[PDB]
2 protein chains.
Amino acid sequence: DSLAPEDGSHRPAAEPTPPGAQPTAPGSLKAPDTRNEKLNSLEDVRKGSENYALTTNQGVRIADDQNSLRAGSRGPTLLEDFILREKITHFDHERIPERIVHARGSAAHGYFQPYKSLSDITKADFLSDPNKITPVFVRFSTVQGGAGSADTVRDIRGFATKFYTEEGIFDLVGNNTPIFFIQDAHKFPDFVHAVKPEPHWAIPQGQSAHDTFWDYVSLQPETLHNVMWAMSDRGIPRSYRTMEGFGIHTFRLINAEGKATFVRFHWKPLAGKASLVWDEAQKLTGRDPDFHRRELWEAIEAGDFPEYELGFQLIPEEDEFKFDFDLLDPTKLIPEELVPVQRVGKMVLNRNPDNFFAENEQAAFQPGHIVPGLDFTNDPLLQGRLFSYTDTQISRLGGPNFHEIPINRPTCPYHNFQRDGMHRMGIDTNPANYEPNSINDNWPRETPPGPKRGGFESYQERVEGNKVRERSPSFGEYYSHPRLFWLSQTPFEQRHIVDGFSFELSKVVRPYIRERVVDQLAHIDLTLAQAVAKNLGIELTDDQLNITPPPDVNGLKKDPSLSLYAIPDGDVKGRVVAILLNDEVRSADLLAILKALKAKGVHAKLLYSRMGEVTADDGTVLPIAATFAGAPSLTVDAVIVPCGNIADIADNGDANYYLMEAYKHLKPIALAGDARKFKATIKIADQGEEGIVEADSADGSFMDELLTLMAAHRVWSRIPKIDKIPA
Amino acid sequence: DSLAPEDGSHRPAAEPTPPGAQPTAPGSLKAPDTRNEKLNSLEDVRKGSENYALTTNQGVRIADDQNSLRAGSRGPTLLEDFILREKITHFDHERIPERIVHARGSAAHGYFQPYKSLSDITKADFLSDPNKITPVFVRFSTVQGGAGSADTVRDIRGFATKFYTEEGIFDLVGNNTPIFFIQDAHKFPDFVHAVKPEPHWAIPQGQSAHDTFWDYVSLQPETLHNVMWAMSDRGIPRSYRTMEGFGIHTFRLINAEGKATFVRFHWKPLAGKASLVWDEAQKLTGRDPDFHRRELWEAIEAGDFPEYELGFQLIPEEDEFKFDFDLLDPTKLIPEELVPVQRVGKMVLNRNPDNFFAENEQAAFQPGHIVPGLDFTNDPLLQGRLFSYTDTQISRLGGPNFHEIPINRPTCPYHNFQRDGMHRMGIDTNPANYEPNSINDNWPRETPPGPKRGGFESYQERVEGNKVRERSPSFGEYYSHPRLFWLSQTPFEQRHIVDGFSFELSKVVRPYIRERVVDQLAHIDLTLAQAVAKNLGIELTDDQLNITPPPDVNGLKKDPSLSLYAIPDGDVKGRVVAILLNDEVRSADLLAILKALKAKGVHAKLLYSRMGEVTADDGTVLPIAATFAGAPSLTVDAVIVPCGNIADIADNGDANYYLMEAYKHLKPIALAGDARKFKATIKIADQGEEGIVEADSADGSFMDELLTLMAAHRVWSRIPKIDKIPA
Ligand code: HEM
Ligand code: HEM
């Protein structure tokens, strides 16, 4: 009929807008001018809608899409209704298997560019010229939960990048911690079954806090290093934009002269490192289970494009055996104090998908998708990964032609003698389907390895030894990396780690499992083990108290790059502030606040006890984004309460609780004029306290002080005072 | 090695135990003596584990399950490692598509028995004899969310029962509200797409609070009736045990003389009707997303078997057109004040599955699976559901032999000429695979219809009309049932409905959609429409204030059976109380508390600020179930605080917040002796208050007062006092 409002407010503007201002939309409608080579080549399968008639899949126009065909208007539905049958049949077959791990993830389009040619160390074409732009598709994810599970759970995060190079797709499939839990791929199903929901009753979702995980951990001390990262605030990032990414494994770079250099891949977040606190994270899984997916999408619609710097840890072939740990051991990190990360290039994510299922759900990444100029190593966890991804994609994506699903397609040429398979789109005209052949003059043809555009040839590593099912003895050390990680954390980080283990072990029903984990912690560090044991009402024995700590890692007693917060790297752009309105806001405060926020690229959400609008003291009509209950403090980075008629919200339960929740979760709070009445809610001294901005009006230094607090992310000095707060 | 602790504390006892006392376990280990015919037939495919060697799927014993085979202990993995490849391959192919709708669900085994022979109204064999037991498998579910989404979301709940009868499987596939949102199956994909996560970004999960849903509802007023149920507290049940179930459609009962009687199916919860409150429910999705799944499984492990009474609404064929609504319109309920529910039988769920995936995830139910003695009607929603479930099961469960998956197998005989298909288990020996045949003497053979054990023959309904895609005119009335439902609710239920709509519409980004829904509410009831409008800062126009309310439904101005609470039906057995311990618990309080809870079958959970144990005044060692933060008040039905050393917990933030949360969520709280000092936390009268139990000790009348409050579920009279509490 007539459905759209005549004012056109059903359609968001095709320009960058702040989170919550307009309805979000498919990338190609929201930002039609953001292009790259991959986004342009997807154009052939994009479908429009406006001005077209509604049809069946065979192109037959539909006259009545409200009713089934029946014998009389109160009669039985007829089998001849082919329109009903196609529509319900397509619906009936919508779902495909979710990924076995990392089923929950959010993705975006972008591009990569190197800072300079890396020709001296790799012949990889995407890294050979600073002007050569590589389109990318990135998917961020959790590990354990299903596709419908929550975003802000405590878990490891996946960070997978598909590089559409001129010499093939290269997938860099990494996580947000520099190590993995296990050493050999043969134990992957064991580890994953232990962390996933328990088999009898399929509980719990999105959580390692259960008996089978901690049972496996207590029996397999190789897991301890990644367990420490997961128990830290690393396991609950603030956003996919404020976390690090790592390839984990040592791989090789191969240059045109055939020299191999060992490399570990890193992604540095240009928005800085930032995490939530447990209580906030857990509650956020209920108030907004789509928080990371939403935040990513809206940051891109706002122009706060996630930006990451690609970095390399490089190690010469001759230094393979010079560390205290094996470089091929994926439970071991390479300390940046020993081997610095050399900056390589920048990746910018600047457009969302059009259809989540078609581009995100069907996207397929594989660590075995390498290009000439890169090569593998014998890391036994990576070695097993090379089998698994192609295998899993035959069932998940329905056959061996998953490279022909649009998002997965190479933008460079691909020709070979592979034919058929379910859902074959490519129609081959080659008279031959084999080589060598004479009937097509042997095309397509093999190509010798060489400096550029040559064929792939493996680096000729020497192999020597017997066929054995055996762990390398060099991998047999499990506590020095966990201890290095612990000692590099700030004191408040250490407390968060203690609390993570305490919370998680308190959900393990069999007490002996909690005792065995505590015994393993006692081999890492006694201060950690005692504080966890005390929260579990466990007392360490005299021999646990005398376990000798593991040695330092190559002499290091700490490495500050392992901490999220020890070295300041805060960036306020793309953060958000809740502004608690009243029914007669002092407009001078609001202008000061909103303009200061705008100058640093910080967003605001105007909150009230109802929707609609309120009128400021000078007649300005203020549109309300959400209620106090509808957009909790959990969703924002800070809270500002301007002056006005404070008696309007002074006794609102939700308004007060908003401040108590943001105060408990260490966020900066700013109170202007009579808004300082709320200081009694959060029991704050008369004289003031660090972390609380207060003044007669929201004017000169007020906003600079609030922005400085925001730059430091959270008010860690408040931790000892929040334990009293009933919130 | 390895082992299990020497004390055997890794294994749960095989007898009924209370929630949280022991680790949960597969049903055939937890309750080995619980049997039924279905449970016994599944024993052919059950696998043990104890005392068996670890093998490949081909039966080859494995010597080293910790390592891949490599050329040297630090070398590359070899392709000949068939043990590793089978192991990772099985793992890679674990997942199958989730259900298009109702993907999130929890199931259990049990049995059904009729109260008396229904042979006068139906020839259905499972209802023919009060001593004939029919094994059942029941799956309860949400609608919108994925299999990894949360349990206590606001949504409709599915309630599917598989009856393993002697004359075939009957599946009664119902929901927890007596109507559906739409009238014709042709709109199903339209409605489901609108409620599901939005296609560009796949948000939000498990929620109807978003623009597409409310856009659809505002344009399709036939949805309003189920929308009203969804926005009430019926959308957030306390448990699958405390909700109703309904077949929704009008079906038919066919007796041995060929008479048809119209029937609507009902399930009455013998644990009573009870729901959560929104804040509690939404927070619970984050604190425990598996709450309903967990509480069902634990109720069965505790002997609190979910029990339901099957009930029929019976309408003679001559009364088909005597209501003011069409009987075949699934957006219309049949008020119990006009056609009472006649008791039919009882269903008891007394055993959990062994393996969630094998039995719950692969279970397939179909409303098309009826048996002689039942038949369909021309309800156009039902009619299209007869096509869809078999269709969807061919891809979900991989082929046409889904009836051979163990959970789905009939326990009565099945023989026919169908052959082959993917994963065919049955091996047919019949020389013939067609009929009529002479080579097998025509077996298996057709069987004429008759009074018992006869072939199926459809009731010969008269059909007359033209081939039309047309909605019956009698279905074009959309507001009288929504209004009957509203007027039947108590004042607090009405407020909860107002708040549900207000919260949901507040998340609708496009304001004109909110305005359009408000306009539809004004056609239902003006008080409802204005209270929602006010929460959205919308003002009804003069025209909207003059819309005439729809007429009463056949003279009814209300029907108390439509309310959750107007008619008391409380049952405390299976409910749970939190007991907040201190380090010197007055043991006489605890004894009195525990004995009285035990006498009514109410469970307790001992909470403390840490795990481990505390010792009571009398030296009794009390093991701690969880901490205050680890098992929030959200998860219990009431809170008791016994006397002792109150100073230990008086300034504990979590302990104070525990009571504030419980108080806000209207739960009964009981305070003994010095625990009455917590009356200041919840700001309430020095003199006492209805809903708060208090005394010098936890003595005689203290526990009776607590248990009386619990039997009324929630303290509805405290609603006016909770909106000041900051919690
Ligand atoms: C350093 C260790 C590992 C890392 C960093 C890692 C990372 C990831 C990531 C980020 C994804 C999701 C990709 C996406 O968004 O689609 C993924 C998926 C997957 N991983 Fe790995 N993984 C590791 C180890 C393993 C191992 C040892 C195996 C098995 C041998 C494995 C098997 C899989 C499978 C089967 C999938 C699903 C792929 C699909 O369906 O396309 N992973 N992994
Ligand atoms: C009164 C209306 C309806 C009710 C009470 C209802 C109820 C249910 C329930 C309870 C389930 C889940 C069964 C389980 O636990 O496995 C289900 C699944 C399903 N429903 Fe319905 N439904 C209704 C309408 C429809 C309609 C109109 C269609 C399509 C025309 C439909 C298509 C499906 C499909 C495809 C599934 C998944 C089945 C499977 O994968 O095995 N439903 N429905």
# chains A, B, ... in the order shown; residues from 1 in each chain; ligands from 1
>>> select_by_dssp(residues="stretch 99-341 of chain A", states="helix (DSSP H, G or I)", output="VMD selection string")
chain A and resid 125 to 127 185 to 195 211 to 219 221 to 231 233 to 235 240 to 242 278 to 287 291 to 302 317 to 319
>>> write_last_selection(atoms="C-alpha atoms", output="CSV table (one decimal), in the first residue's frame")
chain,number,residue,atom,x,y,z
A,125,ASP,CA,53.0,-9.7,-3.1
A,126,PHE,CA,50.6,-8.0,-0.6
A,127,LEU,CA,53.6,-6.7,1.3
A,185,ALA,CA,46.2,-30.7,17.5
A,186,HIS,CA,45.3,-34.3,18.5
A,187,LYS,CA,44.0,-33.0,21.9
A,188,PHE,CA,41.8,-30.2,20.3
A,189,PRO,CA,38.5,-32.2,20.5
A,190,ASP,CA,39.4,-33.1,24.1
A,191,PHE,CA,40.1,-29.5,25.1
A,192,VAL,CA,37.0,-28.2,23.2
A,193,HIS,CA,34.7,-30.8,24.6
A,194,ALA,CA,35.9,-29.9,28.1
A,195,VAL,CA,35.2,-26.2,27.6
A,211,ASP,CA,33.6,-28.9,36.2
A,212,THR,CA,34.7,-30.4,32.9
A,213,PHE,CA,36.9,-27.4,31.9
A,214,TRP,CA,38.7,-27.1,35.2
A,215,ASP,CA,39.1,-30.9,35.4
A,216,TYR,CA,40.9,-30.8,32.1
A,217,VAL,CA,42.9,-27.8,33.1
A,218,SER,CA,44.0,-29.4,36.4
A,219,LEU,CA,45.2,-32.6,34.6
A,221,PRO,CA,49.2,-28.0,33.0
A,222,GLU,CA,50.1,-26.9,29.5
A,223,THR,CA,46.7,-25.0,29.5
A,224,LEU,CA,47.8,-22.8,32.4
A,225,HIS,CA,49.3,-20.0,30.4
A,226,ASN,CA,46.2,-19.3,28.2
A,227,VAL,CA,44.0,-19.9,31.3
A,228,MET,CA,45.8,-17.0,33.1
A,229,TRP,CA,45.0,-14.7,30.0
A,230,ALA,CA,41.4,-15.8,30.1
A,231,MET,CA,41.0,-15.2,33.9
A,233,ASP,CA,40.5,-8.8,32.1
A,234,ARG,CA,41.8,-9.9,28.6
A,235,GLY,CA,38.9,-12.4,28.7
A,240,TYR,CA,36.7,-5.9,19.3
A,241,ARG,CA,38.3,-2.4,18.6
A,242,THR,CA,40.2,-2.4,22.0
A,278,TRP,CA,33.5,-9.1,35.5
A,279,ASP,CA,30.3,-7.9,37.1
A,280,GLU,CA,29.7,-5.5,34.3
A,281,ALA,CA,30.5,-8.0,31.6
A,282,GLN,CA,28.3,-10.7,33.1
A,283,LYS,CA,25.3,-8.3,33.6
A,284,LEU,CA,25.9,-7.0,30.0
A,285,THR,CA,25.4,-10.5,28.6
A,286,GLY,CA,21.8,-10.2,29.9
A,287,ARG,CA,21.0,-6.4,29.3
A,291,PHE,CA,26.9,-5.5,22.7
A,292,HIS,CA,30.1,-6.2,20.8
A,293,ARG,CA,28.3,-6.9,17.4
A,294,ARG,CA,26.3,-3.7,17.8
A,295,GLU,CA,29.2,-1.5,18.9
A,296,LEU,CA,31.3,-2.7,16.0
A,297,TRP,CA,28.6,-2.0,13.5
A,298,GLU,CA,27.8,1.4,14.9
A,299,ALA,CA,31.4,2.5,15.2
A,300,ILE,CA,31.7,1.9,11.4
A,301,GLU,CA,28.4,3.7,10.7
A,302,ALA,CA,29.8,6.6,12.8
A,317,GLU,CA,66.9,-19.1,11.5
A,318,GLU,CA,70.1,-19.3,13.5
A,319,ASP,CA,68.4,-18.1,16.7
>>> residues_around(residues="stretch 359-362 of chain A", least_positions_apart="2", cutoff="12 Å", atoms="only C-alpha atoms", output="ChimeraX atom specification")
/A:26-27,38-39,42,45-46,94-99,102-109,137-141,147-148,160,162,293,352-357,364-365,393-398,402-409 /B:199-202
>>> closest_residue(among="B:272, B:399, B:550, B:174", to="ligand 2", atoms="only C-alpha atoms and all ligand atoms")
B:174
>>> closest_residue(among="A:643, A:263, A:624, A:536", to="chain B", atoms="only C-alpha atoms")
A:536
>>> residues_around(residues="residue A:470", least_positions_apart="4", cutoff="12 Å", atoms="only C-alpha atoms", output="list in words")
residues 183, 184, 186, 380, 465, 466, 474, 475 and 476 of chain A; 63, 64, 65, 66, 67, 68, 69, 70, 71, 72, 73, 74, 75, 76 and 77 of chain B
>>> write_last_selection(atoms="C-alpha atoms", output="tab-separated table (two decimals), in the first residue's frame")
chain	number	residue	atom	x	y	z
A	183	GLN	CA	50.25	-28.08	22.37
A	184	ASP	CA	49.18	-30.71	19.89
A	186	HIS	CA	45.31	-34.30	18.50
A	380	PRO	CA	52.23	-29.44	16.13
A	465	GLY	CA	63.80	-38.56	13.10
A	466	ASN	CA	61.62	-41.66	13.48
A	474	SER	CA	61.40	-29.06	24.98
A	475	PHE	CA	57.62	-28.46	25.32
A	476	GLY	CA	57.56	-30.00	28.80
B	63	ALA	CA	47.96	-46.51	22.51
B	64	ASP	CA	48.74	-42.78	22.66
B	65	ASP	CA	45.82	-40.37	22.57
B	66	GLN	CA	48.00	-37.32	23.47
B	67	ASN	CA	50.08	-36.88	20.27
B	68	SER	CA	49.95	-36.79	16.46
B	69	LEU	CA	52.29	-39.03	14.49
B	70	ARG	CA	55.33	-37.06	13.25
B	71	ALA	CA	58.75	-37.58	11.60
B	72	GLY	CA	60.81	-36.91	14.76
B	73	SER	CA	59.39	-35.49	17.99
B	74	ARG	CA	59.74	-31.92	16.70
B	75	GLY	CA	58.85	-32.89	13.09
B	76	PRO	CA	55.90	-32.42	10.75
B	77	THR	CA	52.63	-34.39	11.21
>>> closest_residue(among="B:546, B:681, B:117, B:56", to="chain A", atoms="only C-alpha atoms")
B:681
>>> residues_around(residues="residue A:680", least_positions_apart="4", cutoff="12 Å", atoms="only C-alpha atoms", output="list in words")
residues 650, 651, 656, 659, 660, 671, 674, 675, 676, 684, 685, 686 and 688 of chain A
>>> write_last_selection(atoms="N, CA, C and O atoms", output="PDB file, in the first residue's frame")
ATOM      1  N   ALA A 650      15.830  13.267  41.448  1.00  0.00           N
ATOM      2  CA  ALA A 650      16.536  13.047  42.713  1.00  0.00           C
ATOM      3  C   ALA A 650      16.067  11.778  43.403  1.00  0.00           C
ATOM      4  O   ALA A 650      16.838  11.129  44.091  1.00  0.00           O
ATOM      5  N   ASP A 651      14.783  11.457  43.244  1.00  0.00           N
ATOM      6  CA  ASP A 651      14.201  10.319  43.933  1.00  0.00           C
ATOM      7  C   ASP A 651      13.817   9.229  42.962  1.00  0.00           C
ATOM      8  O   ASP A 651      13.025   8.378  43.339  1.00  0.00           O
ATOM      9  N   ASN A 656      19.270   6.881  40.399  1.00  0.00           N
ATOM     10  CA  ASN A 656      20.254   6.670  41.440  1.00  0.00           C
ATOM     11  C   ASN A 656      21.061   5.395  41.186  1.00  0.00           C
ATOM     12  O   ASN A 656      22.263   5.403  41.257  1.00  0.00           O
ATOM     13  N   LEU A 659      23.891   5.587  38.640  1.00  0.00           N
ATOM     14  CA  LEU A 659      25.146   6.078  39.182  1.00  0.00           C
ATOM     15  C   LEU A 659      25.854   5.061  40.074  1.00  0.00           C
ATOM     16  O   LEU A 659      27.106   4.902  40.017  1.00  0.00           O
ATOM     17  N   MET A 660      25.070   4.307  40.862  1.00  0.00           N
ATOM     18  CA  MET A 660      25.713   3.282  41.707  1.00  0.00           C
ATOM     19  C   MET A 660      26.385   2.210  40.828  1.00  0.00           C
ATOM     20  O   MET A 660      27.502   1.786  41.113  1.00  0.00           O
ATOM     21  N   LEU A 671      29.345  15.479  37.851  1.00  0.00           N
ATOM     22  CA  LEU A 671      28.119  16.035  38.409  1.00  0.00           C
ATOM     23  C   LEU A 671      28.147  17.553  38.387  1.00  0.00           C
ATOM     24  O   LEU A 671      29.017  18.142  39.036  1.00  0.00           O
ATOM     25  N   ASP A 674      23.552  21.369  40.975  1.00  0.00           N
ATOM     26  CA  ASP A 674      22.708  20.623  41.892  1.00  0.00           C
ATOM     27  C   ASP A 674      22.765  19.119  41.705  1.00  0.00           C
ATOM     28  O   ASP A 674      22.410  18.413  42.641  1.00  0.00           O
ATOM     29  N   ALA A 675      23.325  18.628  40.602  1.00  0.00           N
ATOM     30  CA  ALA A 675      23.525  17.225  40.331  1.00  0.00           C
ATOM     31  C   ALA A 675      24.444  16.654  41.385  1.00  0.00           C
ATOM     32  O   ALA A 675      24.388  15.453  41.645  1.00  0.00           O
ATOM     33  N   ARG A 676      25.223  17.473  42.062  1.00  0.00           N
ATOM     34  CA  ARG A 676      26.078  17.060  43.171  1.00  0.00           C
ATOM     35  C   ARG A 676      25.273  16.510  44.345  1.00  0.00           C
ATOM     36  O   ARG A 676      25.829  15.853  45.229  1.00  0.00           O
ATOM     37  N   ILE A 684      29.952   9.780  48.579  1.00  0.00           N
ATOM     38  CA  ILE A 684      31.237  10.403  48.253  1.00  0.00           C
ATOM     39  C   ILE A 684      31.567  11.558  49.160  1.00  0.00           C
ATOM     40  O   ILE A 684      30.733  12.425  49.391  1.00  0.00           O
ATOM     41  N   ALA A 685      32.812  11.668  49.610  1.00  0.00           N
ATOM     42  CA  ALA A 685      33.141  12.764  50.499  1.00  0.00           C
ATOM     43  C   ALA A 685      32.777  14.146  49.950  1.00  0.00           C
ATOM     44  O   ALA A 685      32.870  14.642  48.838  1.00  0.00           O
ATOM     45  N   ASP A 686      32.499  14.998  50.953  1.00  0.00           N
ATOM     46  CA  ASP A 686      32.133  16.379  50.773  1.00  0.00           C
ATOM     47  C   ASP A 686      33.190  17.115  49.959  1.00  0.00           C
ATOM     48  O   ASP A 686      32.971  17.923  49.078  1.00  0.00           O
ATOM     49  N   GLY A 688      35.207  15.773  47.855  1.00  0.00           N
ATOM     50  CA  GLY A 688      35.425  15.232  46.536  1.00  0.00           C
ATOM     51  C   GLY A 688      36.304  13.989  46.560  1.00  0.00           C
ATOM     52  O   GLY A 688      36.648  13.573  47.673  1.00  0.00           O
TER      53      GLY A 688
END
>>> select_by_dssp(residues="stretch 482-664 of chain A", states="strand (DSSP E or B)", output="list in words")
residues 553, 556, 576, 577, 578, 579, 580, 603, 604, 605, 606, 607, 608, 613, 614, 615, 621, 622, 623, 626, 627, 638, 639, 640 and 641 of chain A
>>> closest_residue(among="A:462, A:610, A:154, A:453", to="chain B", atoms="only C-alpha atoms")
A:610
>>> closest_residue(among="A:483, A:343, A:10, A:558", to="chain B", atoms="only C-alpha atoms")
A:10
>>> closest_residue(among="A:619, A:335, A:384, A:449", to="ligand 1", atoms="only C-alpha atoms and all ligand atoms")
A:384
>>> decode(residues="stretch 398-410 of chain A", atoms="N, CA, C and O atoms", output="tab-separated table (two decimals), in the first residue's frame")
chain	number	residue	atom	x	y	z
A	398	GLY	N	28.25	-27.08	2.72
A	398	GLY	CA	27.54	-27.91	1.77
A	398	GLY	C	28.31	-28.55	0.62
A	398	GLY	O	27.65	-29.17	-0.23
A	399	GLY	N	29.63	-28.45	0.57
A	399	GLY	CA	30.37	-29.09	-0.52
A	399	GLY	C	31.72	-28.40	-0.73
A	399	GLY	O	32.11	-27.46	-0.04
A	400	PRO	N	32.42	-28.86	-1.75
A	400	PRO	CA	33.76	-28.40	-2.01
A	400	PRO	C	33.84	-27.14	-2.84
A	400	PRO	O	34.94	-26.73	-3.18
A	401	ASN	N	32.73	-26.52	-3.23
A	401	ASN	CA	32.77	-25.28	-3.99
A	401	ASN	C	32.55	-24.10	-3.06
A	401	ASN	O	31.99	-23.06	-3.50
A	402	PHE	N	32.95	-24.12	-1.80
A	402	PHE	CA	32.71	-22.98	-0.91
A	402	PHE	C	33.53	-21.77	-1.34
A	402	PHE	O	33.21	-20.63	-1.01
A	403	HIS	N	34.54	-21.86	-2.19
A	403	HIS	CA	35.32	-20.77	-2.70
A	403	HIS	C	34.45	-20.00	-3.69
A	403	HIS	O	34.86	-18.90	-4.01
A	404	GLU	N	33.37	-20.58	-4.22
A	404	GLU	CA	32.52	-19.86	-5.15
A	404	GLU	C	31.44	-19.11	-4.38
A	404	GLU	O	30.70	-18.35	-5.00
A	405	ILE	N	31.29	-19.24	-3.07
A	405	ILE	CA	30.30	-18.38	-2.37
A	405	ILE	C	30.92	-16.98	-2.44
A	405	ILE	O	32.13	-16.80	-2.15
A	406	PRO	N	30.14	-15.95	-2.78
A	406	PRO	CA	30.67	-14.65	-3.08
A	406	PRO	C	31.67	-14.07	-2.14
A	406	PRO	O	32.77	-13.70	-2.61
A	407	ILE	N	31.47	-13.99	-0.86
A	407	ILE	CA	32.41	-13.41	0.07
A	407	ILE	C	33.74	-14.15	0.03
A	407	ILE	O	34.78	-13.55	0.37
A	408	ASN	N	33.75	-15.45	-0.22
A	408	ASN	CA	34.96	-16.25	-0.18
A	408	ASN	C	35.79	-16.21	-1.46
A	408	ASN	O	36.94	-16.65	-1.48
A	409	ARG	N	35.21	-15.71	-2.55
A	409	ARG	CA	35.89	-15.67	-3.81
A	409	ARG	C	37.16	-14.81	-3.87
A	409	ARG	O	37.19	-13.64	-3.50
A	410	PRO	N	38.19	-15.34	-4.47
A	410	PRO	CA	39.43	-14.60	-4.75
A	410	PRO	C	39.05	-13.48	-5.72
A	410	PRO	O	38.08	-13.63	-6.45
